[PDB]
Amino acid sequence: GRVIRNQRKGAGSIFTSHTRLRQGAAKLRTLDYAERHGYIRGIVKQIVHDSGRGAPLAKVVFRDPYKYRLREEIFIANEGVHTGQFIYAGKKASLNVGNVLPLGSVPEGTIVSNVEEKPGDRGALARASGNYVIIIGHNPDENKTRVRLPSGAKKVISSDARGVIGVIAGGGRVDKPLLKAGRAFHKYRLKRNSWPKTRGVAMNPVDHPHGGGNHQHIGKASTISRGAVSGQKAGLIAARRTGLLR
Amino acid sequence: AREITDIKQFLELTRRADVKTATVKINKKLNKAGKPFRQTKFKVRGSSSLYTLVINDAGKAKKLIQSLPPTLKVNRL
Amino acid sequence: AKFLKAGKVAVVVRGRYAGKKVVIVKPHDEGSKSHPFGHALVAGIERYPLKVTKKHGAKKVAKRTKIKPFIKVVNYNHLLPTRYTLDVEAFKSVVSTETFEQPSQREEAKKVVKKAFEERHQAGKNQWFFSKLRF
Amino acid sequence: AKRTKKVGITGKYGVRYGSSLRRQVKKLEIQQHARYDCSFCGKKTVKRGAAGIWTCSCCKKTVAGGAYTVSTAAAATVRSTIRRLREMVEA
Amino acid sequence: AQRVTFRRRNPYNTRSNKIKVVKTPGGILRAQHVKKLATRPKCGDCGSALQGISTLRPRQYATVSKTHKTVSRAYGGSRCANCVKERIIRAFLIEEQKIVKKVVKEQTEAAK
RNA sequence: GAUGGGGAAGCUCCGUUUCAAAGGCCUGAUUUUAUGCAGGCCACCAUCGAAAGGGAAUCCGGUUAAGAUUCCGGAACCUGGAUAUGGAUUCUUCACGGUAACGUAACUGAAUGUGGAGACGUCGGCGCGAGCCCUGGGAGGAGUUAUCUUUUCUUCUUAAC
RNA sequence: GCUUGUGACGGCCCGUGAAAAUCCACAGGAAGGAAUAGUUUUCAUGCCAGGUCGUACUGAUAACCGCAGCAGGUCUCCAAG
RNA sequence: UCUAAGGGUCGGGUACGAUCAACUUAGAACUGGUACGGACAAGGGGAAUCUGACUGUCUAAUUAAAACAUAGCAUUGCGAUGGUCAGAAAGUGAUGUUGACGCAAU
């Protein structure tokens, strides 16, 4: 047979990311003395649009502790920040939108975003627009914290893991019908070559497992085992249930 | 490609020791509306530039020509 | 009451001197033939003396501490009036409208101002007025 | 002169796309092209430059916000929840 | 009804390749290549083009006197003079109130 | 796409600042002699990759059997380097004027840091320019005239700097 | 009026539409220097050098590619009544 | 062959006059072998049915379609010690300069 279309994204030739207009990797600040023993203040210089992403970025400019200069970094902008805002970062900072605190330093029921999985990864969870995690509880001994991931999963992380207060800007984005194949063309030119999607039904027995036949139909179950093997996997993969919800 | 206005400043460049040659151009024009007159230009050649003086009143232009330095080798018209 | 007066220190916020400190010497509150606005004659220091330290001896101290003054008519709107003060009675005669108009009288009138300021920087009265504002 | 009746701003789309989708966009595109008060300068200059970013042309503040509107729904209850937890610990 | 060519081997209409049409002394129209225009220098603060500076291309400032490239305020060829007016206000009144804060920290010692 | 490394029986593959002891500067200290010893620094750490992108600076006239923004004549300009003259400044050692926007022939400035330029989509009308088009008075040359036609055509041009 | 350049405005986007060399300014104050006289080549003028390879001609109903002196194919500027 | 309407520059002690210059529209008499967008240039229209919503794409050299695509709809795996894929190996790589309003598979 042939090598199918999803097996063909691994070698990553024309499928790589379209990286040109991107302002940079949006991260939080390296974890250092000043931030874990106290706070350090920047100001947000301009909040700007990043290509390929859905949410704006902010550029806050800190002062390097050990050398005379400025250093400016790329934060995914929480909703409500504004240029000219002081952004405080560190253990002793205060609870306000945009300030990055450790999670142990905030009461339960606090709404933070761009939170870290492990301390010093410079952010992981809830970076898409409109997302947030809630802090639902603490474990002050063998220090952990109980947070609610934007999907609704409940994860338990370290209490030295930082996160920035508030909701990520760009909420409401998918409320608007996209309305034409052109606007979906301008969406994925800045992301990657995924589009448009030929139904595996509509291709030949070589192109796909769903291909062939004098009618268009799958012919065998569209749910595939998690223990399937490379290229067998197309369709709903290792689903526990299927079909419209009620 | 420059112009001089004061007569005196022109007398300087002629001695400025970079000037080997000069010239005198005569142009017949007219002024105001009605009547003509005889206009002359003095073009001294620097190394990097060419200076000119314009004399529209011929009562001055003659007293100037005699005043040129003797070393300067002048090509008239 | 009127806090713009003969001793009142100010900051120069408009032009070539912006950021430098002055002292309001002869204010005209309202009116003049030229300057149809409230203005104040001032004196200030254009160069600030450099950091002097324990380690500098001999001639460096005299050449670090050199002051360069100025005298200027200025509009109130271009001044920040502040709470500080100077004892100005030294040069009250030497900084005047008559000093302007005859610009020779202006470089004659910087000397009596330059001398009064490098005095005070010895005997550290008015420590602040001699320290560079920074911005 | 109101011109059109129902379609309003979506008259640009003509007859295409189906009535619901055209009506559901008319909901948002009246929000993103609308002009809002400015929480700083006290005028209404605020307009959208892009998804997420809202620019004052008066006080030149830029303000992050919702994609199709200034203040998202679930946001205005975060800055109250954050205002409440702040006072909880300091009171 | 005359028509004219490029004077260079670039056939294409790109950003550097602009043409202006010139009447020579010898009576003929001829094309003249023109260099890209100069942008005014900007305030690094407010972004508004800061007046008093001559607008040239970048390497054409190496040839110019310093009075074209500057004004005689502090932060002369850099900030727009209303961005200098503020940062003097802000430097004075921030380190003004900052003295009042340090007496209260001497009083809060003796008051408690 | 080398290097350091890491796989691979191997041809070679990964990767491009990566688990690296990855480097040469600014002048002070020298008036035995030139550069030892000196403090400080700066950590971006190959190279390749566009005759359409970025970019230091040249124009007119003439010239050949065939070459010219290259040759000729003239008028400019940029860059790298050397120093000499005039002016300016200096006794208030490192300029003055204007309320200010800012002005000017000049008018000290290392490490370091920051800001601007380079530097940017598209469409729509509006304004202002340049060449072209049309066109009246006047100075010339050509074509028509059996009759009419103050007539029809053509030359009156102005480069970089 | 037509062609091209430009400036100020407006529209559009879940699309906001390159990088670098290079050059300049500013902040700072290292140092270095007036009085029997000391600087400054970012003011003027003057002085010297400016290398290597390309440069002809077609660019197409016969100079390119299609076995060819082929009705095919091939990017671009100027544009009269 | 006429009539009408539409602009400008200009002097007024603290209503009018003059001159210059446009291609636009509407109206009226007359006129002729009823001809007049005189050549050129330049939609045929209507009442229904099957079928794909539309723009768009494809078998270069027998098929341009009702086929592929699309917006919209829904389902599915995945919280990184991960989902989907690559490599002969690897101190290895694509999504990923990513983080569920995301990526991947239908």
# chains A, B, ... in the order shown; residues from 1 in each chain; ligands from 1
call {"tool": "interface_residues", "arguments": {"of": "chain G", "to": "chain C", "cutoff": "12 Å", "atoms": "only C-alpha atoms (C1' of nucleotides)", "output": "PDB file with N, CA, C and O atoms (P, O5', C5', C4', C3', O3' and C1' of nucleotides), in the first residue's frame"}}
result
ATOM      1  P     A G  27      21.517  63.911  26.762  1.00  0.00           P
ATOM      2  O5'   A G  27      21.585  62.598  27.654  1.00  0.00           O
ATOM      3  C5'   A G  27      20.511  62.218  28.497  1.00  0.00           C
ATOM      4  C4'   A G  27      20.852  60.982  29.285  1.00  0.00           C
ATOM      5  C3'   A G  27      22.089  61.069  30.152  1.00  0.00           C
ATOM      6  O3'   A G  27      21.843  61.722  31.378  1.00  0.00           O
ATOM      7  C1'   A G  27      22.074  59.019  28.973  1.00  0.00           C
ATOM      8  P     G G  28      23.002  62.567  32.084  1.00  0.00           P
ATOM      9  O5'   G G  28      24.141  61.494  32.369  1.00  0.00           O
ATOM     10  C5'   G G  28      23.970  60.493  33.355  1.00  0.00           C
ATOM     11  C4'   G G  28      25.052  59.455  33.272  1.00  0.00           C
ATOM     12  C3'   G G  28      26.456  59.956  33.531  1.00  0.00           C
ATOM     13  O3'   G G  28      26.749  60.006  34.915  1.00  0.00           O
ATOM     14  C1'   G G  28      26.431  58.626  31.571  1.00  0.00           C
ATOM     15  P     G G  29      27.165  61.388  35.607  1.00  0.00           P
ATOM     16  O5'   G G  29      28.751  61.305  35.671  1.00  0.00           O
ATOM     17  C5'   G G  29      29.406  60.075  35.964  1.00  0.00           C
ATOM     18  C4'   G G  29      30.635  59.876  35.113  1.00  0.00           C
ATOM     19  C3'   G G  29      31.790  60.832  35.385  1.00  0.00           C
ATOM     20  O3'   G G  29      33.025  60.172  35.124  1.00  0.00           O
ATOM     21  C1'   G G  29      31.042  61.114  33.165  1.00  0.00           C
ATOM     22  P     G G  33      46.969  66.323  29.655  1.00  0.00           P
ATOM     23  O5'   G G  33      46.148  67.577  30.189  1.00  0.00           O
ATOM     24  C5'   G G  33      46.608  68.900  29.957  1.00  0.00           C
ATOM     25  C4'   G G  33      45.780  69.601  28.908  1.00  0.00           C
ATOM     26  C3'   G G  33      45.484  71.073  29.154  1.00  0.00           C
ATOM     27  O3'   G G  33      46.550  71.934  28.799  1.00  0.00           O
ATOM     28  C1'   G G  33      43.495  69.975  28.548  1.00  0.00           C
TER      29        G G  33
END
call {"tool": "residues_around", "arguments": {"residues": "region 51-54 of chain B", "least_positions_apart": "5", "cutoff": "9 Å", "atoms": "only C-alpha atoms (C1' of nucleotides)", "output": "list in words"}}
result
residues 1, 2, 3, 4, 5, 6, 7, 10, 13, 39, 40, 41, 42, 43, 44, 45 and 46 of chain B
call {"tool": "select_by_dssp", "arguments": {"residues": "chain C", "states": "strand (DSSP E or B)", "output": "count of residues only"}}
result
37
call {"tool": "residues_around", "arguments": {"residues": "residue 46 (chain G)", "least_positions_apart": "2", "cutoff": "10 Å", "atoms": "only C-alpha atoms (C1' of nucleotides)", "output": "VMD selection string"}}
result
(chain B and resid 16 to 18 46 to 48) or (chain F and resid 84 to 85)
call {"tool": "write_last_selection", "arguments": {"atoms": "C-alpha atoms (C1' of nucleotides)", "output": "PDB file, in the first residue's frame"}}
result
ATOM      1  CA  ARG B  16      43.669  81.324  -2.500  1.00  0.00           C
ATOM      2  CA  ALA B  17      46.616  79.441  -4.142  1.00  0.00           C
ATOM      3  CA  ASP B  18      44.422  76.556  -5.297  1.00  0.00           C
ATOM      4  CA  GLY B  46      38.999  75.802  -7.329  1.00  0.00           C
ATOM      5  CA  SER B  47      40.133  72.256  -6.874  1.00  0.00           C
ATOM      6  CA  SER B  48      36.737  70.994  -5.712  1.00  0.00           C
TER       7      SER B  48
ATOM      8  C1'   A F  84      48.448  72.313   7.119  1.00  0.00           C
ATOM      9  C1'   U F  85      45.809  77.103   6.957  1.00  0.00           C
TER      10        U F  85
END
call {"tool": "atom_distance", "arguments": {"atom1": "CA of residue 64 (chain C)", "atom2": "CA of residue 130 (chain C)"}}
result
12.7 Å
call {"tool": "interface_residues", "arguments": {"of": "chain A", "to": "chain D", "cutoff": "6 Å", "atoms": "only C-alpha atoms", "output": "MDAnalysis selection string"}}
result
chainID A and resid 55:56 79:83 95 169:173 176
call {"tool": "interface_residues", "arguments": {"of": "chain H", "to": "chain D", "cutoff": "12 Å", "atoms": "only C-alpha atoms (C1' of nucleotides)", "output": "number ranges by chain"}}
result
H: 53-55, 70-72, 101
call {"tool": "write_last_selection", "arguments": {"atoms": "C-alpha atoms (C1' of nucleotides)", "output": "PDB file, in the first residue's frame"}}
result
ATOM      1  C1'   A H  53     -26.038  25.556  -1.294  1.00  0.00           C
ATOM      2  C1'   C H  54     -22.643  29.409  -2.883  1.00  0.00           C
ATOM      3  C1'   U H  55     -16.761  31.339  -4.566  1.00  0.00           C
ATOM      4  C1'   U H  70     -15.763  24.431   1.760  1.00  0.00           C
ATOM      5  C1'   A H  71     -18.202  27.012   5.828  1.00  0.00           C
ATOM      6  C1'   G H  72     -21.528  24.684   9.470  1.00  0.00           C
ATOM      7  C1'   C H 101     -11.256  29.044  22.830  1.00  0.00           C
TER       8        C H 101
END
call {"tool": "residues_around", "arguments": {"residues": "region 45-52 of chain F", "least_positions_apart": "5", "cutoff": "8 Å", "atoms": "only C-alpha atoms (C1' of nucleotides)", "output": "PyMOL selection string"}}
result
(chain E and resi 10+12+14) or (chain F and resi 1-3+17+22)
call {"tool": "residues_around", "arguments": {"residues": "region 191-201 of chain A", "least_positions_apart": "5", "cutoff": "7 Å", "atoms": "only C-alpha atoms (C1' of nucleotides)", "output": "ChimeraX atom specification"}}
result
/A:14-18,52,208,210-211,216-218 /H:69
call {"tool": "write_last_selection", "arguments": {"atoms": "N, CA, C and O atoms (P, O5', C5', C4', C3', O3' and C1' of nucleotides)", "output": "PDB file, in the first residue's frame"}}
result
ATOM      1  N   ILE A  14       6.820  19.842   4.620  1.00  0.00           N
ATOM      2  CA  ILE A  14       5.930  20.975   4.408  1.00  0.00           C
ATOM      3  C   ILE A  14       4.955  21.141   5.550  1.00  0.00           C
ATOM      4  O   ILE A  14       4.100  22.034   5.505  1.00  0.00           O
ATOM      5  N   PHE A  15       5.038  20.293   6.563  1.00  0.00           N
ATOM      6  CA  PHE A  15       4.108  20.321   7.674  1.00  0.00           C
ATOM      7  C   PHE A  15       4.629  21.103   8.865  1.00  0.00           C
ATOM      8  O   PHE A  15       3.939  21.181   9.881  1.00  0.00           O
ATOM      9  N   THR A  16       5.801  21.714   8.758  1.00  0.00           N
ATOM     10  CA  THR A  16       6.360  22.420   9.892  1.00  0.00           C
ATOM     11  C   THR A  16       5.546  23.673  10.159  1.00  0.00           C
ATOM     12  O   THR A  16       4.588  23.985   9.456  1.00  0.00           O
ATOM     13  N   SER A  17       5.922  24.393  11.202  1.00  0.00           N
ATOM     14  CA  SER A  17       5.164  25.562  11.593  1.00  0.00           C
ATOM     15  C   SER A  17       5.600  26.770  10.779  1.00  0.00           C
ATOM     16  O   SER A  17       6.764  26.897  10.396  1.00  0.00           O
ATOM     17  N   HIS A  18       4.657  27.670  10.522  1.00  0.00           N
ATOM     18  CA  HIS A  18       4.963  28.888   9.781  1.00  0.00           C
ATOM     19  C   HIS A  18       5.308  29.932  10.825  1.00  0.00           C
ATOM     20  O   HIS A  18       4.432  30.494  11.478  1.00  0.00           O
ATOM     21  N   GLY A  52      -0.260  33.540  14.299  1.00  0.00           N
ATOM     22  CA  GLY A  52      -0.427  32.130  14.547  1.00  0.00           C
ATOM     23  C   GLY A  52      -1.065  31.797  15.868  1.00  0.00           C
ATOM     24  O   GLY A  52      -1.539  30.673  16.043  1.00  0.00           O
ATOM     25  N   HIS A 208      -5.593   5.377   2.113  1.00  0.00           N
ATOM     26  CA  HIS A 208      -6.225   5.444   3.418  1.00  0.00           C
ATOM     27  C   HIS A 208      -6.850   4.099   3.761  1.00  0.00           C
ATOM     28  O   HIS A 208      -7.046   3.262   2.871  1.00  0.00           O
ATOM     29  N   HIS A 210      -9.936   3.938   4.866  1.00  0.00           N
ATOM     30  CA  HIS A 210     -11.340   4.115   4.525  1.00  0.00           C
ATOM     31  C   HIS A 210     -11.604   4.121   3.028  1.00  0.00           C
ATOM     32  O   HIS A 210     -12.743   4.371   2.626  1.00  0.00           O
ATOM     33  N   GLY A 211     -10.607   3.889   2.201  1.00  0.00           N
ATOM     34  CA  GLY A 211     -10.768   4.093   0.783  1.00  0.00           C
ATOM     35  C   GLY A 211     -11.226   2.869   0.021  1.00  0.00           C
ATOM     36  O   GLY A 211     -11.006   1.737   0.425  1.00  0.00           O
ATOM     37  N   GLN A 216     -19.349   5.131  -0.970  1.00  0.00           N
ATOM     38  CA  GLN A 216     -18.509   5.739   0.052  1.00  0.00           C
ATOM     39  C   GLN A 216     -19.007   5.318   1.420  1.00  0.00           C
ATOM     40  O   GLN A 216     -20.098   5.714   1.838  1.00  0.00           O
ATOM     41  N   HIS A 217     -18.175   4.574   2.136  1.00  0.00           N
ATOM     42  CA  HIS A 217     -18.523   4.016   3.429  1.00  0.00           C
ATOM     43  C   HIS A 217     -17.268   3.374   3.977  1.00  0.00           C
ATOM     44  O   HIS A 217     -16.349   3.036   3.229  1.00  0.00           O
ATOM     45  N   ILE A 218     -17.242   3.210   5.295  1.00  0.00           N
ATOM     46  CA  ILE A 218     -16.006   2.832   5.964  1.00  0.00           C
ATOM     47  C   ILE A 218     -15.783   1.330   5.896  1.00  0.00           C
ATOM     48  O   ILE A 218     -14.677   0.874   5.609  1.00  0.00           O
TER      49      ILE A 218
ATOM     50  P     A H  69     -13.549  16.288   0.320  1.00  0.00           P
ATOM     51  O5'   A H  69     -13.127  17.767  -0.058  1.00  0.00           O
ATOM     52  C5'   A H  69     -11.846  18.272   0.270  1.00  0.00           C
ATOM     53  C4'   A H  69     -11.804  19.753   0.056  1.00  0.00           C
ATOM     54  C3'   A H  69     -12.673  20.563   0.989  1.00  0.00           C
ATOM     55  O3'   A H  69     -12.047  20.818   2.229  1.00  0.00           O
ATOM     56  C1'   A H  69     -13.069  21.243  -1.218  1.00  0.00           C
TER      57        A H  69
END
call {"tool": "residues_around", "arguments": {"residues": "residue 96 (chain C)", "least_positions_apart": "2", "cutoff": "9 Å", "atoms": "only C-alpha atoms (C1' of nucleotides)", "output": "list in words"}}
result
residues 25, 26, 41, 92, 93, 94, 98, 99 and 100 of chain C
call {"tool": "write_last_selection", "arguments": {"atoms": "N, CA and C atoms", "output": "PDB file, in the first residue's frame"}}
result
ATOM      1  N   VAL C  25      14.751  85.119  41.517  1.00  0.00           N
ATOM      2  CA  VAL C  25      15.424  86.259  42.126  1.00  0.00           C
ATOM      3  C   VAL C  25      14.559  87.514  42.081  1.00  0.00           C
ATOM      4  N   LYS C  26      14.181  87.965  40.887  1.00  0.00           N
ATOM      5  CA  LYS C  26      13.313  89.131  40.731  1.00  0.00           C
ATOM      6  C   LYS C  26      12.079  88.738  39.934  1.00  0.00           C
ATOM      7  N   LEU C  41      12.757  86.387  36.658  1.00  0.00           N
ATOM      8  CA  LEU C  41      14.188  86.298  36.436  1.00  0.00           C
ATOM      9  C   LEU C  41      14.748  85.262  37.390  1.00  0.00           C
ATOM     10  N   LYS C  92      21.254  89.858  44.551  1.00  0.00           N
ATOM     11  CA  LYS C  92      19.991  90.503  44.192  1.00  0.00           C
ATOM     12  C   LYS C  92      20.188  91.732  43.312  1.00  0.00           C
ATOM     13  N   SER C  93      21.336  92.397  43.427  1.00  0.00           N
ATOM     14  CA  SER C  93      21.619  93.518  42.538  1.00  0.00           C
ATOM     15  C   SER C  93      22.153  93.053  41.191  1.00  0.00           C
ATOM     16  N   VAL C  94      22.865  91.929  41.173  1.00  0.00           N
ATOM     17  CA  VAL C  94      23.662  91.560  40.011  1.00  0.00           C
ATOM     18  C   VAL C  94      22.852  90.753  39.002  1.00  0.00           C
ATOM     19  N   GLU C  98      18.075  95.045  34.017  1.00  0.00           N
ATOM     20  CA  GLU C  98      19.131  95.909  33.510  1.00  0.00           C
ATOM     21  C   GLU C  98      20.363  95.118  33.100  1.00  0.00           C
ATOM     22  N   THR C  99      20.573  93.946  33.702  1.00  0.00           N
ATOM     23  CA  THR C  99      21.707  93.098  33.343  1.00  0.00           C
ATOM     24  C   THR C  99      21.561  92.546  31.934  1.00  0.00           C
ATOM     25  N   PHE C 100      20.370  92.075  31.596  1.00  0.00           N
ATOM     26  CA  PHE C 100      20.029  91.789  30.215  1.00  0.00           C
ATOM     27  C   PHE C 100      20.016  93.107  29.452  1.00  0.00           C
TER      28      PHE C 100
END
call {"tool": "residues_around", "arguments": {"residues": "residue 90 (chain F)", "least_positions_apart": "6", "cutoff": "9 Å", "atoms": "only C-alpha atoms (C1' of nucleotides)", "output": "MDAnalysis selection string"}}
result
chainID G and resid 34 38:39
call {"tool": "write_last_selection", "arguments": {"atoms": "N, CA and C atoms (P, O5', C5', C4', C3', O3' and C1' of nucleotides)", "output": "PDB file, in the first residue's frame"}}
result
ATOM      1  P     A G  34      46.862  73.235  29.688  1.00  0.00           P
ATOM      2  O5'   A G  34      45.653  74.229  29.383  1.00  0.00           O
ATOM      3  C5'   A G  34      45.520  75.457  30.091  1.00  0.00           C
ATOM      4  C4'   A G  34      44.850  76.520  29.253  1.00  0.00           C
ATOM      5  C3'   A G  34      45.392  77.933  29.390  1.00  0.00           C
ATOM      6  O3'   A G  34      46.557  78.145  28.617  1.00  0.00           O
ATOM      7  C1'   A G  34      43.021  77.969  29.407  1.00  0.00           C
ATOM      8  P     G G  38      51.177  77.227  24.537  1.00  0.00           P
ATOM      9  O5'   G G  38      49.848  76.356  24.398  1.00  0.00           O
ATOM     10  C5'   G G  38      49.853  74.969  24.710  1.00  0.00           C
ATOM     11  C4'   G G  38      48.464  74.372  24.690  1.00  0.00           C
ATOM     12  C3'   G G  38      47.735  74.371  23.354  1.00  0.00           C
ATOM     13  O3'   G G  38      48.148  73.363  22.455  1.00  0.00           O
ATOM     14  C1'   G G  38      46.275  75.152  25.006  1.00  0.00           C
ATOM     15  P     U G  39      47.714  73.479  20.913  1.00  0.00           P
ATOM     16  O5'   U G  39      46.286  72.766  20.839  1.00  0.00           O
ATOM     17  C5'   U G  39      46.046  71.485  21.415  1.00  0.00           C
ATOM     18  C4'   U G  39      44.619  71.358  21.899  1.00  0.00           C
ATOM     19  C3'   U G  39      43.653  70.620  20.978  1.00  0.00           C
ATOM     20  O3'   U G  39      43.683  69.215  21.166  1.00  0.00           O
ATOM     21  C1'   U G  39      42.691  72.673  21.647  1.00  0.00           C
TER      22        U G  39
END
call {"tool": "closest_residue", "arguments": {"among": "D:56, D:33, D:2, D:39", "to": "residue 11 (chain G)", "atoms": "only C-alpha atoms (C1' of nucleotides)"}}
result
D:33
call {"tool": "atom_distance", "arguments": {"atom1": "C1' of residue 87 (chain F)", "atom2": "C1' of residue 105 (chain F)"}}
result
9.1 Å
call {"tool": "closest_residue", "arguments": {"among": "A:31, A:221, A:111, A:26", "to": "chain H", "atoms": "only C-alpha atoms (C1' of nucleotides)"}}
result
A:26
call {"tool": "atom_distance", "arguments": {"atom1": "CA of residue 134 (chain C)", "atom2": "CA of residue 91 (chain E)"}}
result
6.7 Å
